[PDB]
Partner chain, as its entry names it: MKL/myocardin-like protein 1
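This document starts with one chain, in the form solved without its partner chain, laid out as structure tokens.
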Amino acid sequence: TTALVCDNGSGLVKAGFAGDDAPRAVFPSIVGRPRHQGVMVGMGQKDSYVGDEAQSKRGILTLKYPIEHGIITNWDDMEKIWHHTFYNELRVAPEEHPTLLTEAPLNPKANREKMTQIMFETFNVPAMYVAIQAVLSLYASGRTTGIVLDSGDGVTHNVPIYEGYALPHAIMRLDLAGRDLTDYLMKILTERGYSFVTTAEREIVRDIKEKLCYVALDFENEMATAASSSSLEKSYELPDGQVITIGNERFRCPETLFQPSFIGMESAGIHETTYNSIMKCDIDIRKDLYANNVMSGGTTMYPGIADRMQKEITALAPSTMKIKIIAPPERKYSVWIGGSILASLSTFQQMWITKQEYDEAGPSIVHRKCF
């Protein structure tokens, strides 16, 4: 009847119907299992919890993310998450509507192939399609030219597009993302005597990072100000009532996005990666790419990230270039919105891989490019 749009990013599922302005179902991509003792199957004791229900009882659970660095590693947990999305969150039969899924570029083929297998075997989905997230972000933005930097929980990637034409050879991928920043914050908080070792404490640290961290315009100046003043400190209340205080850490955790060497990686920063991706393109393309820099994803939601982005790109690029960072207030859902647009186009209706095609052709048809 109506197409389903589902952005299953690392640690977050956003699912809804095509034509809507926002998905109904937004929940963490986690599976929690009891910790301290075996499950009493005789009583009404559950052996697993999914999403917000797992978050509510995380104090006695071990939490796992089935998607890691954009690649699904535990397929049973992925099946359970999909089942809960379809029958518990969206109140819809999967066998009633076609599905549009999202994936990061430069992923292993088997990941997509097995995903299709599930979507056609466990669930009797009529038709399905998998799209790249950055293309959907540019679709949501409303332009046909631009270079998209999409950063989530597991994967950061840069994709340029000119006049609606893809540039596959300039796509760049980096494994630094929000989960690495959360781990780095857990490491750094031990300097003030705060210990977080478990997965629930990891969720607490992720909340702290989302609520207090920000990007500094100049790292050295901000470090000097934090060392010579107390105006940078902020307080946070723990679930048990204890209060912690945080200082320069607020701008040291996201600084890893521009200096990956903080966590021991040889790669360059996001600004350098964007500049290098632009310098791949033909000399007649670079100016429009400079004028159109598009951000999407949760990891781009740090305050001040756009200003630092534009400053760094202006430093790298010649002085005669227009440089614009486009950071909409609704970056987090941008990809989903793009899907909701793409599934609503009548010109997209040829993209649907029907069950005749999957059965006759096999898994390889998931790598087709109809266009």
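Positions refer to the first chain, counted from 1.
One more form of this protein exists, namely the form deposited with its partner chain bound; it is left out here, but the text below deals with it.
When contacts are judged by a 4.5 Å heavy atom cut-off, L101 does not count as touching its partner chain in the deposited bound form.
Remark: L185 does not count among the residues lining its partner chain in the deposited bound form, judged by a heavy atom distance of 4.5 Å or less. Looking at 291-325, no residue comes within 4.5 Å of its partner chain in the deposited bound form, counting any heavy atom.
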